[PDB]
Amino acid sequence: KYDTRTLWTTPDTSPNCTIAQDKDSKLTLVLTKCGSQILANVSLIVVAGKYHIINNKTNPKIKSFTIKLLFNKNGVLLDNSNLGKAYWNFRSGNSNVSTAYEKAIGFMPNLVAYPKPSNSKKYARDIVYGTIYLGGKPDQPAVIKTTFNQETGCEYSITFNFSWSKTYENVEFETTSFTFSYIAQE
C-alpha cells in the first residue's frame, strides 16, 4: 500500500545528494507524520569528492558543509536543493510510490513556528542541534545543526549544517543516525 504518512529518500545507500559534486553522497532522511509533529530520522554517507575523506592535516580549514532541502508552496522539493528529486517521495515498502507527489504541505515546517526570511532577526526555536559520530566512533563527533525555513527563494526549507572541531586525519564522512522532530504546517 501507499504509505501517505511517510516522505523519505528510501533506506538504500545509492547516492541521492550533491554537496560538492554530482551524487557525492547519500542523505538518508525519513519524515514520518504523527499529526502536528513530523518525527525525523537523518544520517549521511559521503561516497566521493571533497567531503568523502576528511583530512584536516592537509586541509585544516575544511570544517563544515551544508545540505539544503528547499520546498515550494505545495511542499514539493525545488530543483536547486542538494537532495535530488528522483528518490524523494512518499513511501511504498522499501521504495517510493510511482507518481511524483504534488502536495506535502502536512510535512512542511510550520511557518508560524519557523517564519521564512526575514530582514528580521528571528527566534532560535527554528534550530535543532544534535551530535552524530563519524564511523560510529565515540571520539569522532560532528555537530548536525538543523534549521527550518531560513532559506530565501522558497516557501519552506530544511537545512543541515555539518561541522566539527577536531583535526580529523583521513576520516571517512559517514555518520550515525539522529532523531528530531518539528511542528508541521498543517
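Note that residue numbering begins at 1 and tracks the sequence as displayed. Rigid core (definition): largest C-alpha set, two forms, superposition within 1.5 Å.
Colleague: Using RMS Cα distance over all structures and residues, flag whichever of 121 to 129 and 40 to 48 lies farther from this form in 9 other deposited structures of this protein after a core fit.
Modeller: Between the two stretches, 121 to 129 moves farther in 9 other deposited structures of this protein.
Colleague: Comparing 73 to 81 with 109 to 117, which has C-alphas lying farther from the shown form in 9 other deposited structures of this protein once the core is aligned?
Modeller: Larger mean C-alpha displacement, comparing 73 to 81 and 109 to 117 in 9 other deposited structures of this protein, is found in 109 to 117.
Colleague: Per the PDB record, is the mean Cα temperature factor higher over 25 to 33 or over 116 to 124?
Modeller: Looking at the recorded C-alpha B-factors, 116 to 124 comes out higher on average.
Colleague: On mean Cα temperature factor in this entry, is 3 to 11 or 176 to 184 the higher one?
Modeller: Comparing 3 to 11 with 176 to 184, the higher average CA B-factor belongs to 3 to 11.
Colleague: Name the residue from 152, 64, 140, 147 with the greatest C-alpha temperature factor listed in the entry.
Modeller: Of 152, 64, 140, 147, 152 has the highest C-alpha B-factor.
Colleague: Can you work out whether the C-alpha temperature factor of residue 41 puts it in the lowest, middle or highest third of the chain?
Modeller: Ranked within chain, residue 41 CA B lands in the lowest tercile.
Colleague: Going by the entry, which third of its chain does the Cα temperature factor of residue 161 land in?
Modeller: It falls in the bottom third of the chain.
Colleague: Hey, what third does residue 57 fall into on Cα B-factor, ranked over its chain?
Modeller: Middle third.
Colleague: Would you check the entry's CA temperature factor for residue 93 and let me know if it's in the chain's lowest, middle or highest third?
Modeller: It belongs to the highest third of the chain when residues are ordered by C-alpha B-factor.
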